[PDB]
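Okay, coords.cif now, which holds mmCIF, C-alpha atoms and all ligand atoms:
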data_protein
loop_
_atom_site.group_PDB
_atom_site.id
_atom_site.type_symbol
_atom_site.label_atom_id
_atom_site.label_comp_id
_atom_site.auth_asym_id
_atom_site.auth_seq_id
_atom_site.Cartn_x
_atom_site.Cartn_y
_atom_site.Cartn_z
ATOM 1 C CA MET E 1 14.934 -14.670 -12.957
ATOM 2 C CA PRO E 2 17.210 -15.475 -9.913
ATOM 3 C CA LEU E 3 16.569 -14.032 -6.449
ATOM 4 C CA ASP E 4 18.200 -10.684 -5.810
ATOM 5 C CA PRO E 5 21.466 -11.449 -3.915
ATOM 6 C CA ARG E 6 20.570 -9.304 -0.913
ATOM 7 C CA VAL E 7 17.025 -10.722 -0.823
ATOM 8 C CA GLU E 8 18.554 -14.223 -0.835
ATOM 9 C CA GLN E 9 20.749 -13.356 2.205
ATOM 10 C CA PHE E 10 17.854 -11.658 4.029
ATOM 11 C CA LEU E 11 15.668 -14.742 3.545
ATOM 12 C CA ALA E 12 18.544 -17.036 4.630
ATOM 13 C CA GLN E 13 19.112 -15.140 7.897
ATOM 14 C CA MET E 14 15.348 -14.971 8.578
ATOM 15 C CA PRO E 15 14.787 -16.807 11.933
ATOM 16 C CA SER E 23 -0.354 -13.048 21.162
ATOM 17 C CA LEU E 24 -1.799 -10.364 18.897
ATOM 18 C CA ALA E 25 -0.240 -7.451 20.818
ATOM 19 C CA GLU E 26 3.125 -9.237 20.846
ATOM 20 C CA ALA E 27 2.969 -9.916 17.113
ATOM 21 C CA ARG E 28 2.126 -6.238 16.441
ATOM 22 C CA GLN E 29 5.098 -5.135 18.567
ATOM 23 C CA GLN E 30 7.386 -7.615 16.747
ATOM 24 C CA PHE E 31 6.360 -6.285 13.324
ATOM 25 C CA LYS E 32 7.019 -2.749 14.552
ATOM 26 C CA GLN E 33 10.395 -3.871 15.965
ATOM 27 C CA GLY E 34 11.316 -5.287 12.533
ATOM 28 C CA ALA E 35 10.543 -1.956 10.841
ATOM 29 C CA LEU E 36 12.637 -0.175 13.469
ATOM 30 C CA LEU E 37 15.709 -2.350 12.789
ATOM 31 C CA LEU E 38 15.400 -1.675 9.031
ATOM 32 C CA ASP E 39 15.112 2.092 9.592
ATOM 33 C CA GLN E 40 18.254 1.997 11.780
ATOM 34 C CA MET E 41 20.103 -0.012 9.150
ATOM 35 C CA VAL E 42 19.113 2.544 6.506
ATOM 36 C CA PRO E 43 17.944 5.882 8.001
ATOM 37 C CA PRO E 44 15.049 7.751 6.327
ATOM 38 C CA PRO E 45 15.599 11.294 4.997
ATOM 39 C CA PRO E 46 14.591 14.070 7.432
ATOM 40 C CA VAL E 47 11.166 15.491 6.583
ATOM 41 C CA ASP E 48 8.707 17.944 8.180
ATOM 42 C CA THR E 49 5.567 16.256 9.544
ATOM 43 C CA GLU E 50 2.444 17.374 11.441
ATOM 44 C CA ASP E 51 0.262 14.843 13.279
ATOM 45 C CA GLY E 52 -3.509 15.244 13.112
ATOM 46 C CA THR E 53 -6.886 13.542 13.276
ATOM 47 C CA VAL E 54 -9.618 13.251 10.641
ATOM 48 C CA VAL E 55 -13.263 12.858 11.669
ATOM 49 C CA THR E 56 -14.653 9.909 9.721
ATOM 50 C CA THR E 57 -18.054 8.209 9.573
ATOM 51 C CA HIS E 58 -16.525 5.464 11.757
ATOM 52 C CA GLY E 59 -14.642 7.698 14.134
ATOM 53 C CA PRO E 60 -11.456 9.777 14.454
ATOM 54 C CA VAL E 61 -8.585 8.530 12.344
ATOM 55 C CA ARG E 62 -5.061 9.687 13.123
ATOM 56 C CA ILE E 63 -3.069 10.963 10.172
ATOM 57 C CA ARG E 64 0.426 12.326 9.588
ATOM 58 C CA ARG E 65 1.051 14.988 6.963
ATOM 59 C CA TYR E 66 4.477 15.030 5.268
ATOM 60 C CA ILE E 67 5.648 18.331 3.731
ATOM 61 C CA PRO E 68 8.518 18.134 1.178
ATOM 62 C CA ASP E 69 11.540 20.474 1.201
ATOM 63 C CA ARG E 70 10.499 21.485 -2.325
ATOM 64 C CA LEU E 71 6.903 21.119 -3.569
ATOM 65 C CA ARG E 72 6.946 20.004 -7.221
ATOM 66 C CA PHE E 73 3.760 17.934 -7.466
ATOM 67 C CA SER E 74 0.382 19.631 -7.443
ATOM 68 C CA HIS E 75 -1.784 16.881 -5.873
ATOM 69 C CA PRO E 76 -1.686 15.503 -2.307
ATOM 70 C CA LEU E 77 -0.944 11.809 -1.907
ATOM 71 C CA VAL E 78 -3.019 9.800 0.528
ATOM 72 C CA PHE E 79 -1.076 6.727 1.664
ATOM 73 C CA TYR E 80 -2.561 3.630 3.319
ATOM 74 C CA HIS E 81 0.034 1.367 5.021
ATOM 75 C CA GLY E 82 0.150 -2.428 4.578
ATOM 76 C CA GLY E 83 0.383 -5.166 7.201
ATOM 77 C CA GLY E 84 -2.443 -7.612 6.407
ATOM 78 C CA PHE E 85 -5.155 -5.250 7.841
ATOM 79 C CA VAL E 86 -3.882 -6.311 11.298
ATOM 80 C CA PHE E 87 -0.365 -4.883 11.653
ATOM 81 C CA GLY E 88 1.443 -1.636 10.893
ATOM 82 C CA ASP E 89 0.943 2.040 11.519
ATOM 83 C CA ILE E 90 2.214 5.444 10.435
ATOM 84 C CA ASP E 91 5.531 4.674 12.162
ATOM 85 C CA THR E 92 6.146 1.307 10.518
ATOM 86 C CA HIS E 93 5.770 2.972 7.088
ATOM 87 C CA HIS E 94 7.561 6.238 7.848
ATOM 88 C CA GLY E 95 10.653 5.079 5.924
ATOM 89 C CA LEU E 96 8.646 4.729 2.700
ATOM 90 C CA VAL E 97 6.443 7.769 3.131
ATOM 91 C CA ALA E 98 9.349 10.123 3.937
ATOM 92 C CA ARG E 99 11.061 9.034 0.700
ATOM 93 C CA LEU E 100 7.835 9.319 -1.300
ATOM 94 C CA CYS E 101 7.398 12.815 0.114
ATOM 95 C CA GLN E 102 10.960 14.014 -0.532
ATOM 96 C CA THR E 103 11.612 12.209 -3.843
ATOM 97 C CA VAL E 104 8.308 13.154 -5.498
ATOM 98 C CA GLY E 105 8.215 16.561 -3.742
ATOM 99 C CA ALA E 106 4.572 15.977 -2.754
ATOM 100 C CA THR E 107 2.477 16.500 0.356
ATOM 101 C CA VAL E 108 1.568 13.081 1.717
ATOM 102 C CA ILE E 109 -1.165 12.145 4.188
ATOM 103 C CA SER E 110 -0.267 8.851 5.820
ATOM 104 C CA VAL E 111 -3.317 7.203 7.342
ATOM 105 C CA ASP E 112 -3.596 5.290 10.634
ATOM 106 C CA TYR E 113 -6.768 3.417 9.731
ATOM 107 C CA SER E 114 -8.409 1.058 12.271
ATOM 108 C CA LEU E 115 -6.864 -2.430 12.396
ATOM 109 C CA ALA E 116 -8.524 -5.854 12.518
ATOM 110 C CA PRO E 117 -9.778 -7.853 14.354
ATOM 111 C CA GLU E 118 -10.922 -4.976 16.582
ATOM 112 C CA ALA E 119 -12.291 -3.236 13.463
ATOM 113 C CA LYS E 120 -13.728 -5.544 10.802
ATOM 114 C CA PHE E 121 -14.221 -5.163 7.098
ATOM 115 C CA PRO E 122 -15.506 -2.897 5.724
ATOM 116 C CA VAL E 123 -14.720 -0.350 8.440
ATOM 117 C CA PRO E 124 -11.189 0.535 7.157
ATOM 118 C CA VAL E 125 -12.508 1.060 3.618
ATOM 119 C CA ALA E 126 -14.995 3.635 4.913
ATOM 120 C CA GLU E 127 -12.306 5.373 6.924
ATOM 121 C CA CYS E 128 -9.891 5.483 3.986
ATOM 122 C CA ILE E 129 -12.565 6.974 1.687
ATOM 123 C CA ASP E 130 -13.437 9.589 4.321
ATOM 124 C CA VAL E 131 -9.796 10.612 4.700
ATOM 125 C CA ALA E 132 -9.457 10.816 0.890
ATOM 126 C CA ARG E 133 -12.595 13.018 0.770
ATOM 127 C CA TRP E 134 -11.129 15.245 3.512
ATOM 128 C CA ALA E 135 -7.859 15.587 1.600
ATOM 129 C CA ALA E 136 -9.674 16.577 -1.627
ATOM 130 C CA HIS E 137 -11.539 19.272 0.344
ATOM 131 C CA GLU E 138 -8.424 20.606 2.081
ATOM 132 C CA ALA E 139 -6.208 20.480 -1.029
ATOM 133 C CA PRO E 140 -7.178 23.925 -2.477
ATOM 134 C CA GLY E 141 -6.427 25.383 0.954
ATOM 135 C CA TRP E 142 -2.835 24.131 0.597
ATOM 136 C CA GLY E 143 -2.542 25.740 -2.874
ATOM 137 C CA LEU E 144 -2.854 22.261 -4.470
ATOM 138 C CA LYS E 145 -5.315 20.717 -6.873
ATOM 139 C CA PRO E 146 -8.414 19.022 -5.346
ATOM 140 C CA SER E 147 -7.801 15.703 -7.074
ATOM 141 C CA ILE E 148 -5.758 13.311 -4.912
ATOM 142 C CA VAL E 149 -3.392 10.422 -5.527
ATOM 143 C CA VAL E 150 -4.120 7.327 -3.432
ATOM 144 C CA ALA E 151 -1.270 4.930 -2.649
ATOM 145 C CA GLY E 152 -0.633 1.805 -0.633
ATOM 146 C CA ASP E 153 1.426 -1.330 -0.141
ATOM 147 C CA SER E 154 -0.059 -4.798 0.156
ATOM 148 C CA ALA E 155 -3.246 -4.469 2.286
ATOM 149 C CA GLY E 156 -2.883 -0.712 1.824
ATOM 150 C CA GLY E 157 -2.741 -1.246 -1.936
ATOM 151 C CA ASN E 158 -6.021 -3.138 -1.581
ATOM 152 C CA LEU E 159 -7.463 -0.070 0.146
ATOM 153 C CA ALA E 160 -6.167 2.350 -2.506
ATOM 154 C CA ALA E 161 -7.624 0.133 -5.260
ATOM 155 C CA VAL E 162 -11.034 0.079 -3.550
ATOM 156 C CA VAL E 163 -11.038 3.811 -2.815
ATOM 157 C CA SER E 164 -10.287 4.376 -6.507
ATOM 158 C CA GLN E 165 -13.228 2.155 -7.608
ATOM 159 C CA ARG E 166 -15.584 3.984 -5.186
ATOM 160 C CA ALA E 167 -14.372 7.390 -6.282
ATOM 161 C CA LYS E 168 -16.915 8.152 -9.011
ATOM 162 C CA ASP E 169 -19.886 7.134 -6.834
ATOM 163 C CA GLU E 170 -18.622 9.045 -3.794
ATOM 164 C CA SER E 171 -17.996 12.238 -5.866
ATOM 165 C CA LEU E 172 -14.289 11.929 -5.023
ATOM 166 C CA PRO E 173 -11.690 13.369 -7.467
ATOM 167 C CA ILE E 174 -8.729 10.943 -7.765
ATOM 168 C CA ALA E 175 -5.957 11.791 -10.266
ATOM 169 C CA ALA E 176 -3.996 8.508 -9.881
ATOM 170 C CA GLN E 177 -3.625 5.258 -7.931
ATOM 171 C CA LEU E 178 -0.287 3.797 -6.818
ATOM 172 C CA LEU E 179 -0.559 0.111 -5.945
ATOM 173 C CA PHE E 180 2.507 -1.527 -4.413
ATOM 174 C CA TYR E 181 2.174 -5.329 -4.548
ATOM 175 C CA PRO E 182 -1.557 -5.063 -3.643
ATOM 176 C CA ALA E 183 -3.947 -7.765 -2.491
ATOM 177 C CA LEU E 184 -6.823 -7.559 -4.958
ATOM 178 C CA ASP E 185 -8.532 -10.956 -5.259
ATOM 179 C CA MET E 186 -9.426 -12.960 -2.167
ATOM 180 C CA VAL E 187 -11.468 -15.489 -4.214
ATOM 181 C CA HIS E 188 -9.129 -16.963 -6.851
ATOM 182 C CA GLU E 189 -5.901 -18.888 -6.521
ATOM 183 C CA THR E 190 -3.340 -17.737 -9.103
ATOM 184 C CA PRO E 191 -0.154 -19.538 -10.234
ATOM 185 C CA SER E 192 1.958 -17.130 -8.143
ATOM 186 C CA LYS E 193 -0.226 -17.623 -5.057
ATOM 187 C CA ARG E 194 0.126 -21.404 -5.431
ATOM 188 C CA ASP E 195 3.837 -21.494 -6.322
ATOM 189 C CA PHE E 196 5.211 -18.892 -3.875
ATOM 190 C CA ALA E 197 2.942 -19.754 -0.964
ATOM 191 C CA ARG E 198 5.794 -20.499 1.468
ATOM 192 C CA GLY E 199 9.261 -19.126 2.228
ATOM 193 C CA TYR E 200 9.071 -15.658 0.576
ATOM 194 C CA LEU E 201 8.120 -13.690 3.739
ATOM 195 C CA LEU E 202 4.392 -13.461 2.932
ATOM 196 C CA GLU E 203 2.858 -16.934 3.256
ATOM 197 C CA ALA E 204 -0.448 -18.781 2.673
ATOM 198 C CA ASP E 205 -0.964 -19.496 6.371
ATOM 199 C CA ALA E 206 -0.524 -15.792 7.174
ATOM 200 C CA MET E 207 -2.827 -14.593 4.381
ATOM 201 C CA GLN E 208 -5.493 -17.017 5.600
ATOM 202 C CA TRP E 209 -5.136 -15.874 9.186
ATOM 203 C CA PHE E 210 -5.209 -12.242 8.037
ATOM 204 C CA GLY E 211 -8.504 -12.875 6.182
ATOM 205 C CA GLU E 212 -10.046 -14.444 9.298
ATOM 206 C CA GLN E 213 -9.078 -11.337 11.300
ATOM 207 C CA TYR E 214 -10.385 -8.845 8.719
ATOM 208 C CA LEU E 215 -13.469 -10.376 7.125
ATOM 209 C CA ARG E 216 -16.852 -10.819 8.878
ATOM 210 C CA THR E 217 -17.561 -14.101 7.122
ATOM 211 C CA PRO E 218 -16.043 -16.266 4.333
ATOM 212 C CA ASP E 219 -18.701 -14.775 2.088
ATOM 213 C CA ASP E 220 -16.886 -11.414 2.351
ATOM 214 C CA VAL E 221 -14.198 -12.673 -0.090
ATOM 215 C CA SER E 222 -16.414 -11.971 -3.114
ATOM 216 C CA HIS E 223 -17.414 -8.494 -1.859
ATOM 217 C CA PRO E 224 -16.190 -5.823 -4.371
ATOM 218 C CA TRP E 225 -14.724 -3.809 -1.468
ATOM 219 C CA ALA E 226 -12.563 -6.827 -0.477
ATOM 220 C CA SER E 227 -11.766 -8.133 -3.993
ATOM 221 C CA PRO E 228 -11.604 -5.098 -6.335
ATOM 222 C CA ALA E 229 -10.116 -7.348 -9.014
ATOM 223 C CA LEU E 230 -13.601 -8.841 -9.532
ATOM 224 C CA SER E 231 -15.209 -5.576 -10.622
ATOM 225 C CA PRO E 232 -16.437 -6.008 -14.222
ATOM 226 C CA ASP E 233 -16.220 -2.390 -15.363
ATOM 227 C CA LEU E 234 -12.861 -0.698 -14.908
ATOM 228 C CA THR E 235 -13.394 2.021 -17.512
ATOM 229 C CA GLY E 236 -12.723 5.571 -16.321
ATOM 230 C CA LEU E 237 -10.750 4.533 -13.208
ATOM 231 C CA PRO E 238 -7.773 6.740 -12.234
ATOM 232 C CA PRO E 239 -4.362 6.347 -13.944
ATOM 233 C CA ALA E 240 -2.626 3.402 -12.273
ATOM 234 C CA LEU E 241 0.957 2.498 -11.331
ATOM 235 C CA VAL E 242 1.055 -1.178 -10.408
ATOM 236 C CA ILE E 243 4.296 -2.428 -8.919
ATOM 237 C CA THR E 244 4.799 -6.132 -8.291
ATOM 238 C CA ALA E 245 7.557 -8.371 -6.904
ATOM 239 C CA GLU E 246 8.553 -11.412 -8.980
ATOM 240 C CA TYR E 247 8.521 -13.880 -6.071
ATOM 241 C CA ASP E 248 5.323 -12.776 -4.386
ATOM 242 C CA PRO E 249 2.147 -14.939 -4.021
ATOM 243 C CA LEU E 250 0.220 -11.692 -4.779
ATOM 244 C CA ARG E 251 2.132 -10.987 -7.984
ATOM 245 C CA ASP E 252 -0.278 -12.527 -10.489
ATOM 246 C CA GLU E 253 -3.434 -10.837 -9.215
ATOM 247 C CA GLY E 254 -1.607 -7.481 -9.302
ATOM 248 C CA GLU E 255 -0.335 -7.939 -12.853
ATOM 249 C CA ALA E 256 -3.674 -9.290 -14.118
ATOM 250 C CA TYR E 257 -5.455 -6.267 -12.645
ATOM 251 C CA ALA E 258 -2.968 -3.957 -14.392
ATOM 252 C CA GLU E 259 -3.677 -5.802 -17.678
ATOM 253 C CA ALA E 260 -7.442 -5.358 -17.065
ATOM 254 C CA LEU E 261 -7.043 -1.640 -16.343
ATOM 255 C CA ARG E 262 -4.977 -1.190 -19.510
ATOM 256 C CA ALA E 263 -7.608 -2.944 -21.688
ATOM 257 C CA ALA E 264 -10.265 -0.703 -20.085
ATOM 258 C CA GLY E 265 -8.501 2.396 -21.447
ATOM 259 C CA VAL E 266 -6.996 3.437 -18.078
ATOM 260 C CA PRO E 267 -3.460 4.920 -18.370
ATOM 261 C CA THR E 268 -1.501 2.120 -16.656
ATOM 262 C CA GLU E 269 2.130 1.452 -15.816
ATOM 263 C CA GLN E 270 2.940 -2.092 -14.730
ATOM 264 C CA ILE E 271 6.384 -2.701 -13.290
ATOM 265 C CA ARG E 272 7.662 -6.043 -12.026
ATOM 266 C CA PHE E 273 10.830 -5.908 -9.902
ATOM 267 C CA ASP E 274 12.615 -9.159 -10.796
ATOM 268 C CA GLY E 275 14.269 -11.169 -8.057
ATOM 269 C CA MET E 276 12.279 -9.279 -5.388
ATOM 270 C CA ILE E 277 9.840 -10.343 -2.697
ATOM 271 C CA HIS E 278 6.692 -8.914 -1.130
ATOM 272 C CA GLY E 279 7.312 -5.981 1.202
ATOM 273 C CA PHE E 280 10.390 -4.712 -0.567
ATOM 274 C CA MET E 281 9.276 -1.062 -0.672
ATOM 275 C CA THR E 282 9.360 -0.895 3.125
ATOM 276 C CA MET E 283 12.722 -2.733 3.268
ATOM 277 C CA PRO E 284 15.357 0.008 2.649
ATOM 278 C CA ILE E 285 18.180 -2.569 2.813
ATOM 279 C CA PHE E 286 17.241 -3.240 -0.855
ATOM 280 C CA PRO E 287 18.114 -0.476 -3.402
ATOM 281 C CA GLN E 288 15.036 -1.560 -5.393
ATOM 282 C CA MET E 289 12.939 0.223 -2.761
ATOM 283 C CA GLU E 290 14.454 3.550 -3.897
ATOM 284 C CA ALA E 291 14.199 2.510 -7.570
ATOM 285 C CA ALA E 292 10.461 1.898 -7.106
ATOM 286 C CA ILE E 293 10.091 5.259 -5.410
ATOM 287 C CA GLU E 294 11.810 6.821 -8.432
ATOM 288 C CA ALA E 295 9.302 4.961 -10.641
ATOM 289 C CA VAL E 296 6.577 6.660 -8.594
ATOM 290 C CA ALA E 297 8.095 10.123 -9.212
ATOM 291 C CA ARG E 298 8.500 9.503 -12.960
ATOM 292 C CA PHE E 299 4.959 8.141 -13.232
ATOM 293 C CA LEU E 300 3.485 11.129 -11.401
ATOM 294 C CA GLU E 301 5.403 13.539 -13.708
ATOM 295 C CA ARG E 302 3.145 12.341 -16.513
ATOM 296 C CA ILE E 303 -0.113 12.993 -14.613
ATOM 297 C CA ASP E 304 -0.107 16.749 -15.358
HETATM 298 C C1 LIG D 1 20.201 -2.518 19.417
HETATM 299 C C2 LIG D 1 20.294 -3.790 18.597
HETATM 300 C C3 LIG D 1 18.947 -4.317 18.097
HETATM 301 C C4 LIG D 1 18.630 -5.812 18.302
HETATM 302 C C5 LIG D 1 18.759 -6.735 17.075
HETATM 303 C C6 LIG D 1 17.818 -7.952 17.173
HETATM 304 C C7 LIG D 1 18.473 -9.299 16.829
HETATM 305 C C8 LIG D 1 20.236 -7.107 16.855
HETATM 306 O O1 LIG D 1 20.957 -5.910 16.413
HETATM 307 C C9 LIG D 1 21.418 -5.945 15.159
HETATM 308 O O2 LIG D 1 21.911 -6.937 14.650
HETATM 309 C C10 LIG D 1 20.926 -4.756 14.396
HETATM 310 C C11 LIG D 1 21.204 -3.488 14.909
HETATM 311 C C12 LIG D 1 20.749 -2.347 14.279
HETATM 312 C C13 LIG D 1 19.993 -2.455 13.130
HETATM 313 C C14 LIG D 1 19.687 -3.705 12.620
HETATM 314 C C15 LIG D 1 20.117 -4.875 13.248
HETATM 315 C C16 LIG D 1 19.728 -6.180 12.614
HETATM 316 O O3 LIG D 1 19.217 -7.054 13.483
HETATM 317 O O4 LIG D 1 19.855 -6.427 11.441
HETATM 318 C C1 LIG D 2 -6.110 -10.365 3.519
HETATM 319 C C2 LIG D 2 -5.019 -11.067 2.753
HETATM 320 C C3 LIG D 2 -5.486 -11.830 1.525
HETATM 321 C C4 LIG D 2 -6.572 -12.863 1.805
HETATM 322 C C5 LIG D 2 -6.393 -14.251 1.144
HETATM 323 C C6 LIG D 2 -5.996 -14.129 -0.348
HETATM 324 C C7 LIG D 2 -6.198 -15.393 -1.174
HETATM 325 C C8 LIG D 2 -7.641 -15.111 1.319
HETATM 326 O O1 LIG D 2 -8.072 -15.223 2.671
#
Could you spell out this file's structure in structure tokens?
Amino acid sequence: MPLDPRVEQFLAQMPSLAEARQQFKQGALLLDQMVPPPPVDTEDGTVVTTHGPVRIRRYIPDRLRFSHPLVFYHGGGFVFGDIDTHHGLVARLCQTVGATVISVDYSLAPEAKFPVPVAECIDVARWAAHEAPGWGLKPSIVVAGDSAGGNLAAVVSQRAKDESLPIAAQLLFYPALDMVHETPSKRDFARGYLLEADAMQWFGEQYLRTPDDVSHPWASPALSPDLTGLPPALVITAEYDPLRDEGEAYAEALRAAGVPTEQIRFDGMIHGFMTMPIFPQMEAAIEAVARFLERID
């Protein structure tokens, strides 16, 4: 399927650690200014985790129409991003679904290494489940994330059982799921579609303790042999994304394990598109999220 016209243009006009973090954040700013987010009530807070205090931001919708909190983990290769860089997405998730959303500022690599952010994300999910009844919501949460954050939501969902954590659904937006295998998509779209091989490698070096960590189930959830009884899954991929094939294979695996699964590929799109509000497909995907969550209760 051909590249989306606007994606094509965006890619055509595409030109230290702390610098690179600031540059990523600048990029998200320029997108937000091009396409402003909806206004939304938010409270900033801090959750006490087993690895320290983790800043969160709670989004409260104008109208509450979904009975479970969402816990959102931002993407950025485990190295970049924060609650601000992903505000544009979370505000829309909050207002379109009409859900409370907890956006999580988990600790970034290389300062924090795998598996520290997994622990933090589980702890925040556990906190949200506990608090939920106090907000007049159900205790079971929905976990959500893009890219690296989709990795985290996938892992938190696999741990859920064992950690006595009620999760009602998982929303995976072009997640990283398999750091061991090369897929066709990872081979064929390795360069020129915003997320590249070089970057993914460098990201892995920042995040992982050793090359052995790639086969760890908390790094590569796609390797887990028993997927039965995992939470209902929405898996959104981009057609021209190195990560596409691992995402779509994992959705196929969930489906065959009897998990209620929706798998949606956005044709002509690239990685990152759900934090790029210059593309209308970002809003279409957010509408997919709201329709999927309607079916949960
Ligand atoms: C204050 C100007 C920011 C600096 C940038 C950097 C080259 C150049 O400004 C623009 O072209 C621009 C402005 C607003 C939103 C998006 C953009 C844009 O880059 O697409
Ligand atoms: C952390 C981003 C993904 C890691 C990469 C995927 C094949 C391997 O190092």
Exercise for the section: Might you spell out which residues the PyMOL selection byres (((chain E and resi 118) around 12) and not hetatm) would select in the displayed file, as a ChimeraX atom specification? Expected result: /E:24-25,85-87,113-117,119-124,212-216
Exercise for the section: Identify, counting all atoms listed in the file, the protein, DNA and RNA residues located within 9 Å of ligand LIG 2 (chain D), and give them as a VMD selection string. Expected result: chain E and resid 84 to 85 154 to 155 158 183 to 190 193 204 206 to 215 218 221 226 249 to 250
Please put the answer as AutoDock Vina command-line options: centre and edge lengths, in Å with one decimal, of a box along x, y and z that encloses all listed atoms of stretch 12-27 of chain E plus 6 Å on each side.
--center_x 8.7 --center_y -12.2 --center_z 12.9 --size_x 32.9 --size_y 21.6 --size_z 28.5
Practice task
Please identify every polymer residue within 9 Å of ligand LIG 1 (chain D), using all atoms listed in the file, and present the set as a list in words.
Solution key: residues 33, 34, 36, 37, 38, 39, 40, 41 and 42 of chain E
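Minimum distance to residue E:130 across E:150, E:55, E:242, E:63 (counting all atoms listed in the file) occurs at E:55.
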Exercise for the section: I need the residue set behind the PyMOL selection byres (((chain E and resi 198-202) around 9) and not hetatm) for this file; please write it as a ChimeraX atom specification. Expected result: /E:11,14,194-197,203-207,247-250,277-279
Selection near stretch 66-70 of chain E, 7 Å with all atoms listed in the file, sequence-local residues under 6 positions removed, as a short mmCIF file (atom, residue, chain, number, x, y, z; two decimals) with C-alpha atoms, keeping the file's coordinate frame:
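Output saved as selection-v4.cif:
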data_model
loop_
_atom_site.label_atom_id
_atom_site.label_comp_id
_atom_site.auth_asym_id
_atom_site.auth_seq_id
_atom_site.Cartn_x
_atom_site.Cartn_y
_atom_site.Cartn_z
CA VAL E 47 11.17 15.49 6.58
CA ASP E 48 8.71 17.94 8.18
CA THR E 49 5.57 16.26 9.54
CA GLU E 50 2.44 17.37 11.44
CA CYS E 101 7.40 12.82 0.11
CA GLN E 102 10.96 14.01 -0.53
CA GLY E 105 8.22 16.56 -3.74
CA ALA E 106 4.57 15.98 -2.75
CA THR E 107 2.48 16.50 0.36
CA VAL E 108 1.57 13.08 1.72
CA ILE E 109 -1.16 12.14 4.19
#
Handout entry: Separation of atom CA of residue E:191 from atom CA of residue E:272, in Å and rounded to one decimal
Key = 15.7 Å
Practice task
Give as a ChimeraX atom specification the residues that the PyMOL selection byres (((chain E and resi 135) around 8) and not hetatm) matches when applied to the coordinates above.
Solution key: /E:76,78,109,131-134,136-139,146,148
Completion exercise
Using all atoms listed in the file, the shortest atom-to-atom distance to residue E:149 among E:251, E:6, E:75, E:32 belongs to E:75
Handout entry: Expected answer as number ranges by chain: all residues with atoms within 9 Å of (5.7, -11.0, -12.0), all atoms listed in the file
Key = E: 192, 244-248, 251-252, 254-255, 271-274
List every protein, DNA or RNA residue with an atom no more than 7 Å from (1.4, -1.9, -8.1) in the file's coordinates, counting all atoms listed in the file, and format the result as a PDB file with C-alpha atoms, in the coordinates of the input.
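out.pdb, written as the output of this step:
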ATOM      1  CA  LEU E 178      -0.287   3.797  -6.818  1.00  0.00           C
ATOM      2  CA  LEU E 179      -0.559   0.111  -5.945  1.00  0.00           C
ATOM      3  CA  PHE E 180       2.507  -1.527  -4.413  1.00  0.00           C
ATOM      4  CA  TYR E 181       2.174  -5.329  -4.548  1.00  0.00           C
ATOM      5  CA  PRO E 182      -1.557  -5.063  -3.643  1.00  0.00           C
ATOM      6  CA  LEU E 241       0.957   2.498 -11.331  1.00  0.00           C
ATOM      7  CA  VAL E 242       1.055  -1.178 -10.408  1.00  0.00           C
ATOM      8  CA  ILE E 243       4.296  -2.428  -8.919  1.00  0.00           C
ATOM      9  CA  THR E 244       4.799  -6.132  -8.291  1.00  0.00           C
ATOM     10  CA  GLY E 254      -1.607  -7.481  -9.302  1.00  0.00           C
ATOM     11  CA  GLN E 270       2.940  -2.092 -14.730  1.00  0.00           C
TER      12      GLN E 270
END
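Minimum atom-to-atom distances from E:103, E:177, E:231, E:282 to residue E:268 were compared using all atoms listed in the file, and the lowest value belongs to E:177.
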Fill in the blank from the handout: Counting all atoms listed in the file, the residue among E:45, E:284, E:236, E:143 that lies closest to residue E:263 is E:236
